[PDB]
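**Q** Fold the following, please.
(chains A, B, C, D, E and F, ligands or ions: 6)
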Amino acid sequence: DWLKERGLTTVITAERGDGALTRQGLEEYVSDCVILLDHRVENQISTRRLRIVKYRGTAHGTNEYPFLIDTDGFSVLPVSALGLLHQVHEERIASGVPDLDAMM
Amino acid sequence: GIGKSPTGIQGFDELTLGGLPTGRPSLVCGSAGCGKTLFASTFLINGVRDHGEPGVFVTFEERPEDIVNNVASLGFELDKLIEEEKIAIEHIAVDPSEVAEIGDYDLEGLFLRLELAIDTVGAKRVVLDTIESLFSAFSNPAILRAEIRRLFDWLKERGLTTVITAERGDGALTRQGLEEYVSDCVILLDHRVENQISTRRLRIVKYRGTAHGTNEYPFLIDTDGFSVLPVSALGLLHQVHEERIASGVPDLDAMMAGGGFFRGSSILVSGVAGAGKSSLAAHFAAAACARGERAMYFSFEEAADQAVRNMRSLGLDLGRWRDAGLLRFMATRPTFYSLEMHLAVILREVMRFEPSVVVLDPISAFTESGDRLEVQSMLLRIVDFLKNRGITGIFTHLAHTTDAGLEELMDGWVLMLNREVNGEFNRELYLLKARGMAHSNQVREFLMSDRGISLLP
Amino acid sequence: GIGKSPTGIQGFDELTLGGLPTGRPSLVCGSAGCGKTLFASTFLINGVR
Amino acid sequence: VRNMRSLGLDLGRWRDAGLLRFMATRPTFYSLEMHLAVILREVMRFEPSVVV
Amino acid sequence: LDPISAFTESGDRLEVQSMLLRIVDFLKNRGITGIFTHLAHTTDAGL
Amino acid sequence: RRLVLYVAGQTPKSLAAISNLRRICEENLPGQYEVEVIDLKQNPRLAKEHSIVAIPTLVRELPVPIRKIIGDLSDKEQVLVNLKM
Ligand SMILES: Nc1ncnc2c1ncn2[C@@H]1O[C@H](COP(=O)(O)OP(=O)(O)OP(=O)(O)O)[C@@H](O)[C@H]1O
Ligand SMILES: Nc1ncnc2c1ncn2[C@@H]1O[C@H](COP(=O)(O)OP(=O)(O)O)[C@@H](O)[C@H]1O
Ligand SMILES: Nc1ncnc2c1ncn2[C@@H]1O[C@H](COP(=O)(O)OP(=O)(O)O)[C@@H](O)[C@H]1O
Ligand SMILES: [Mg+2]
Ligand SMILES: [Mg+2]
Ligand SMILES: [Mg+2]
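**A** Numbering: from 1, shown residues only, chains lettered A, B, ... in the order given. Ligands and ions are numbered 1, 2, ... in the order given. I have put the structure below:
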């Protein structure tokens, strides 16, 4: 209440547990934004996923997005950000095979 | 029959055969993030703004600022609806720190404040949010049990329509045993992830007093709010027309009696990659536009500019019609949205534009977006919506003949073949079926060029 | 609309439509080794830098 | 009706005289049990000689 | 990219398709000419 | 030295509450603080203004940090210990 009261942007780290997304019931308290990070192994291959369980106040992504930790740090290239806005060009490229190039 | 209160959500209302029961409590169960609070909020907002019923929102955890901000984005104005007192918000918060319990206590202030709000707003609808904090605050469980049993009895006793928000838990649909209490209507909201794709479903577990839908209905939360387009509402009542549509290919049009396929029918264009399904769809759209009619070309494979300069080689100047404002391009990838939002966006834009020919290319792109049943449900809903609106639907599908079980409805079928014979590839096309008319049964070889698609003699 | 604080992570920011809410608490859940501590660390570092 | 009218079968005549019944129900409208129940109930009520 | 089919068993079909779609979209947005080599067994992998 | 007692109606709980308040205040100790009794039924609004939920309630505002006691004040010793300073 005091952090909200003086207006700071706060991020809380909590463990998952066994029954719910938290073992100490901090979900009871923080409901403005809940982000679940998972690290699951399938066929011996382990992958890291991120999910926005509940973000109160506006729309957001709801799928599980695989993320990566690299030298830069967190990197997330969601497949839902791709758009069909591709500027086309009227030039031609040379394959290097004259016969194939002339065929078209 | 029994009374029912509409909740604004058309799909849920028609699923329930009128809406939630009037004068009885309703339970909304579901884990965090399912949308119970928004469900109650739209309940109250729609009741006040469409059916003239004042509302009261008694929240035990969230503050009024949070309650208003949650729905501020959906387009409602709780600030204005309170600024006018059509919905009255009561933040009933109890702090156990300064509470010491000696003797027996009754939650009398709860009743007094709730009655004051009801009389102030002339309320008929009530929402009870996060009633688990009430149990968590006080220590004596029996007193709280008796008090809210009296509260529910009192709400029924003065005849208000109440909706209660409850968490799910681990064993049953509720963790505090509010099912023991509320059995008039139970609605379970679920948010399940499969193959990394998360979907939101609604189910009416128990609705006492009349029939209702029993399946799990996938719903969506959008700018409007809750939207539910159940697949069980589709009906086979389609007004038919005796007019004909022009495909834009004179030879193909003459091949069939009457000059073309019947208007408002579903036309499938099947073929292998490179057959010319997109070319035929573009021909249809351009022919529709040339007559002064509107047309939409939903593309899940190409951008607008790329499609333009692909068709400009065939001579179809789609830029002219798009620039004059008679042709619309979407160019949306299958993975951009979920199936529900794909359906919703298609329906919304089709309704807004009011076109005469809608070309979906290709319907096979949604193959791996979900299970076969979900994609089939989306396609069936789209086809039924178009047929009810009386719009000519041109669906392009890729071939590997039967493709995905959606040919089962199509009125007309055009198969385009690109065969390898005699050390060279030849193009052909034929009408696999054309309902309600006689048509040529010849595999007419054609040859696409700058003048367009032209069938050989 | 509501305020939002970017966290440096472009993908997460565009997923959230701006980032985490400003002036409100955010919960990061996950078992050991998921990356909650690093999430918070880059949050602070990107916010400052 | 207008698909069969091309073949010459004037189903409108028999439907209008009251000797032919059409249901036109989608598979997903009901569950399997209610599909069966509706079919049985209407067949019993109408008492026809040919069900297609 | 030679060959795009090499990623067949790296994961499920959906994950590999997501990776390939992201790569193709990135290249097309950058306006680079992408030459992908795939092995045949015609349609190969839905890409 | 001010105390407020919120009750509702001629309820057995509220009547016993005020009677027990009389008893603990008089027999146990002198008149260190002044009591004011408010019956909520006539003014439901005041219930919202003071943020009252469970009847009966005994609230002290003399110290900066508020303190409430919920119930009918049956335990004399516990009530006195909670109100002692
Ligand atoms: N000017 C032209 N002259 C002859 N053939 C042409 C011309 N322009 C395009 N084509 C043919 O059109 C073919 C593409 O047709 P189209 O895009 O309609 O096919 P499609 O079935 O929709 O393809 P896809 O499976 O890629 O979506 C090209 O492969 C080329 O063979
Ligand atoms: N503008 C919006 N557009 C789409 N979805 C929204 C919007 N605002 C909120 N939501 C959805 O509402 C959910 C929270 O709803 P709410 O009912 O308040 O929480 P809960 O489901 O835990 O009761 C979020 O997880 C989010 O998906
Ligand atoms: N330089 C690095 N490159 C890639 N990954 C790293 C690097 N440093 C740490 N990590 C990852 O961070 C993880 C621990 O992150 P941290 O959030 O501190 O623990 P937890 O996830 O338990 O809160 C390690 O399991 C490791 O995979
Ligand atoms: Mg909620
Ligand atoms: Mg195409
Ligand atoms: Mg850690």
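**Q** next one: phi and psi at the spatially most central residue of chain F?
**A** Centroid check for chain F by C-alpha atoms, centre = their mean gives residue F:58 as the closest residue, at 2.4 Å. When read as degrees, to the nearest 10, the backbone of residue F:58 gives phi -120, psi 110.
**Q** Please apply the same query to residue A:5.
**A** phi -70, psi -40.
**Q** could you pull out the helices for chain A?
**A** All helices of chain A, identified by DSSP state H, fall at A:2-6, A:98-103.
**Q** Can you check which of the ones you listed gets nearest to residue D:35?
**A** helix A:2-6 (55.9 Å; C-beta to C-beta). Placement of C-beta: from N, CA and C, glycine included.
**Q** show me what contacts residue A:78?
**A** By C-beta atoms under 8 Å, 6 or more residues apart in numbering or on different chains, the contact list for residue A:78 reads A:61, A:63, A:65, C:11, C:14-15.
**Q** For chain B, give me its nearest residue in chain A.
**A** As assessed by C-beta to the nearest C-beta, chain B sits closest to residue A:54 within chain A, at 3.4 Å.
**Q** For that residue, name its beta-bridge partners.
**A** Taking DSSP bridges as the rule, residue A:54 bridges to residue A:34.
**Q** My guess is it contacts residue A:30. True?
**A** No. Using C-beta atoms under 8 Å, residue A:54 is not in contact with residue A:30; the gap is 9.8 Å.
**Q** And the residue of chain A most remote from its centre, how far from chain D?
**A** Within chain A, the residue lying farthest from the chain centre (C-alpha atoms, centre = their mean) is residue A:99, at 46.4 Å. Distance, residue A:99 to chain D, using C-beta to the nearest C-beta, to the nearest Å: 53 Å.
**Q** and that residue, what is it in contact with?
**A** Contacts of residue A:99 (C-beta under 8 Å, 6+ apart): none.
**Q** The residue in chain F positioned nearest to chain B: neighbouring residues, count only.
**A** Closest residue of chain F to chain B, C-beta to the nearest C-beta: residue F:71 (3.2 Å). The local packing of residue F:71 (other C-beta atoms under 10 Å in any protein chain shown) involves 25 other residues.
**Q** Do the longest helix seen in chain F and chain B come into contact?
**A** Assignment by DSSP H gives helix F:12-23 as the longest helix of chain F. Yes. Contact of helix F:12-23 with chain B (C-beta under 8 Å from any C-beta of the partner chain) involves F:13, F:16-17.
**Q** I'd like those residues laid out as a markdown table, including distance to residue F:82 and neighbour count.
**A** Shown next, in a markdown table, are those (distance: C-beta to C-beta, whole Å; neighbours: other C-beta atoms under 10 Å in any protein chain shown):
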| residue | distance to residue F:82 | neighbour count |
| --- | --- | --- |
| F:13 | 18 | 19 |
| F:16 | 17 | 18 |
| F:17 | 14 | 27 |
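**Q** Name the nearest of the residues you listed relative to residue F:2.
**A** The closest of the residues of helix F:12-23 next to chain B to residue F:2 turns out to be residue F:17 (C-beta to C-beta; 17.3 Å).
**Q** got the contact list for residue F:9?
**A** Residue F:9 makes contacts with F:39, F:41, as judged by C-beta under 8 Å, 6+ apart.
**Q** swap the cut-off to 10 Å and go again
**A** Residue F:9 makes contacts with B:108, F:15, F:39-42, F:55, as judged by C-beta atoms under 10 Å, 6 or more residues apart in numbering or on different chains.
**Q** distance of it from chain D?
**A** Distance, residue F:9 to chain D, by C-beta to the nearest C-beta: 55 Å.
**Q** now do residue F:85
**A** 71 Å.
**Q** Next up, the contacts around the residue lying farthest from the centre of chain F.
**A** Distance from the C-alpha centroid of chain F peaks at residue F:45, with 18.3 Å (C-alpha atoms, centre = their mean). Taking C-beta under 10 Å, 6+ apart, we find residue F:45 in contact with B:112-113, B:116, B:120.
**Q** Same check on residue F:60?
**A** Counted by C-beta under 10 Å, 6+ apart, residue F:60 has contacts B:98, F:1-4, F:33, F:66-69, F:82-83, F:85.
**Q** same deal with residue A:17?
**A** Residue A:17 neighbours (C-beta under 10 Å, 6+ apart): A:23-25, C:29, C:31.
**Q** Count the residues that sit near residue F:44.
**A** Residue F:44 has 21 neighbours, counted by other C-beta under 10 Å.
**Q** May I ask you to confirm that it is in contact with residue F:8?
**A** Yes. Between residue F:44 and residue F:8 there is a contact under C-beta atoms under 10 Å: 9.3 Å.
**Q** What parts of chain A come near chain E?
**A** A:42-43, A:45, A:47, A:66, A:77-79, A:81-89, A:93, A:95 (C-beta under 10 Å from any C-beta of the partner chain).
**Q** Just the buried ones out of the residues you listed, please.
**A** Buried subset of the residues of chain A next to chain E (neighbour count, 16 or more other C-beta atoms under 10 Å in any protein chain shown): A:47, A:66, A:77-79, A:81-82, A:84, A:86.
**Q** near ligand 2, from these?
**A** Subset of these in contact with ligand 2: empty, counting by C-beta under 6 Å from any ligand atom.
**Q** mind listing what residue A:4 touches?
**A** So residue A:4 contacts A:10, A:32, B:63, C:23-25 (C-beta under 10 Å, 6+ apart).
**Q** neighbours around residue A:29, how many?
**A** When neighbours are counted by other C-beta under 10 Å, residue A:29 registers 14.
**Q** same deal with residue A:26?
**A** Counted with other C-beta under 10 Å, residue A:26 comes out at 18.
**Q** List the residues that contact the nearest residue to it once chain neighbours are set aside.
**A** Leaving aside its sequence neighbours, residue A:26 sits nearest to residue A:14 (C-beta to C-beta, 6 or more residues apart in numbering or on different chains; 4.8 Å). By C-beta under 10 Å, 6+ apart, residue A:14 lies in contact with A:21-27, A:29-30, A:34, C:27-30, C:36.
**Q** so the residue nearest to the centre of chain F makes contact with residue F:78?
**A** No. Judged on C-beta under 10 Å, residue F:58 makes no contact with residue F:78 at a distance of 11.9 Å.
**Q** shared neighbours of the two, anything?
**A** Residues touching both residue F:58 and residue F:78 by C-beta under 10 Å, 6+ apart: B:100, B:102, F:69, F:71.
**Q** How much space separates the residue in chain A that chain C sits nearest to from residue B:403?
**A** Closest approach between chain A and chain C, counting by C-beta to the nearest C-beta: residue A:76, at 2.6 Å. Applying C-beta to C-beta, to the nearest Å, the value for residue A:76 to residue B:403 is 36 Å.
**Q** ok, now residue A:59?
**A** From residue A:59 to residue B:403 the distance is 34 Å (C-beta to C-beta).
**Q** if we can go back for a sec, how about the helices of chain A, which one is nearest residue F:29?
**A** Checking the helices of chain A against residue F:29 by C-beta to C-beta gives helix A:2-6 as the closest, at 36.3 Å.
**Q** Contact partners for residue F:22?
**A** Contacts here follow C-beta under 10 Å, 6+ apart; on that basis residue F:22 touches F:35, F:73.
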